[PDB]
Amino acid sequence: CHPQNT
Amino acid sequence: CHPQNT
Amino acid sequence: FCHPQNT
Amino acid sequence: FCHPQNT
Amino acid sequence: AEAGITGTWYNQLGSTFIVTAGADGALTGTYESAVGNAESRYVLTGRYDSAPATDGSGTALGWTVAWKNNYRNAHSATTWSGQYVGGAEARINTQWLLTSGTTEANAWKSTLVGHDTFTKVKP
Amino acid sequence: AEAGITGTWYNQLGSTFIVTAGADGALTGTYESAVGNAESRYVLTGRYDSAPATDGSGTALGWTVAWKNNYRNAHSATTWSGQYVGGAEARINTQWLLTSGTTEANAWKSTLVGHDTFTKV
Amino acid sequence: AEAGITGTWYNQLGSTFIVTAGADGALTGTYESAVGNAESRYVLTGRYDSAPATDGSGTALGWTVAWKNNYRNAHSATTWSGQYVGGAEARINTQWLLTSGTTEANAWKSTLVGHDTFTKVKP
Amino acid sequence: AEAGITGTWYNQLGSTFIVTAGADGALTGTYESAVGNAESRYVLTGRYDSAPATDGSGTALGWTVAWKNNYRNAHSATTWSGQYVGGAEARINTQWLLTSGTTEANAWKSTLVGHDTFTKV
């Protein structure tokens, strides 16, 4: 998963 | 100008 | 390797 | 030449 | 499913895309701007996944239009890459690349990039 | 020059693209990964400018590949957009977009972008 | 005008961007996802045109976020490039590039691309 | 390796980028076009991963340049996103987006995309 977008 | 979009 | 596009 | 970015 | 993709689609700036999806994975059709009329129409060719994953996954597809017909030649080509999401409101969400033929010295500024959403209105 | 696009081209990673250019703008052929085993091959289709400018400009072109064949289905598609340059050392200079079929939640991370330079060597 | 750009902005997926515009053309602030909370907050730095063309032209700007703070390190960096259009509804429309550190063999699939629209809610 | 980013780098077209990398992730410096006359220089600012992975991975980075200085204003901005690779032959491999301030009508044609490879030679 990444923190840019949920 | 181009024809892709007006 | 694990996508057909490259190598 | 006519945009500062290249050459 | 080729059936859901086949139809008349429109983007946010008023351009028209008519397309048919063949059972071997082929896409064929025409693309036109909001001026309408005969020529603003150009040929398009593409491919799509004829056997999509189930889930609520979208179907991957892509197509090219070179901007030359029998009335104009803009000396450029556009490719759209995205996915078809079906339901009540079926949509094709994409990102595009537009390349112009340039001399070697101006090659660095030959390509524009952008994005388009299409709403369906007919099979 | 125009028809110079027909032939066998290689990108910087050993993938082979075999293409035929029709007199009125069609592009048809196959794409296969390095290793080269006979199904690593996938079908491609596209368009190019069949009447380019007479000043020293390159020839604009583009094509698509959906990553499904008789053996595998990777639920994705790639488009390459760029220009052909002829001469004693011919090349096709491109950029490309790879989209995967995702759920709504993962739609923001569905597309990759890269660049490739094809030569006949 | 730096004043119109300064504020709290939000994108379509629920992420937050707080920014200040300095008179020499600098941009400084923080970016966070809809989970909210302290850390999901990362530092951002950018530049903008402090002397925009009049017309009804937009103001060009750009910024970078590297995804490392004191709680996580995702080993990637994102850059957004677009323009500020003011009026009753002021918006920043952009396209972005997200690069991940990879080994040489996987370098070809290191970069994702996409687009975001921000609505303003506070100075 | 990390601090190897500080120095003077050249892209394939003769443009020079002079950068300083801070221990906690900041990137600061100047950019100047080929020809090299002393205002062709514009200001840049950015971020990089200050604690990269220990397997053979590159270091992720990015930076912005608004194309205004004391002599000219071209009402545009460029962002480069990519990764640093160290070794005996060090390089920074990137892709970039150039947006221009346009009217609403021309908003669809406001952004260009390209790629650049910087070396210390």
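Proteins come first, then strands; the chains are lettered A, B, ... in the order of their sequence lines, and each starts at number 1. What you see below is based on every heavy atom in this structure, not just the backbone, and it leaves out hydrogens, waters and symmetry mates.
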> Which pair of non-hydrogen atoms, one from F:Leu27 and one from F:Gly62, has the smallest distance, and what is that distance?
Replying inline: CD2-O, 3.3 Å
> Is there any salt bridge (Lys or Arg N to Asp or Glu O under 4.0 Å) pair reaching into residues 79-88 of chain F, and which pairs are they, with sequence neighbours excluded?
Replying inline: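 Counting only pairs at least two positions apart or across chains, no salt bridge (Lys or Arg N to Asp or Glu O under 4.0 Å) contact touches residues 79-88 of chain F.
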Considering distance alone, list the donor-acceptor pairs between chain C and chain F shorter than 3.5 Å.
{"from": "C:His3", "atom 1": "NE2", "to": "F:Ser76", "atom 2": "OG", "distance (Å)": "3.0"}
{"from": "C:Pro4", "atom 1": "O", "to": "F:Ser33", "atom 2": "OG", "distance (Å)": "2.7"}
{"from": "C:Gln5", "atom 1": "O", "to": "F:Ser15", "atom 2": "OG", "distance (Å)": "3.4"}
{"from": "C:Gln5", "atom 1": "OE1", "to": "F:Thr78", "atom 2": "OG1", "distance (Å)": "2.8"}
{"from": "C:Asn6", "atom 1": "OD1", "to": "F:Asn11", "atom 2": "ND2", "distance (Å)": "3.1"}
{"from": "C:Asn6", "atom 1": "OD1", "to": "F:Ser15", "atom 2": "OG", "distance (Å)": "3.0"}

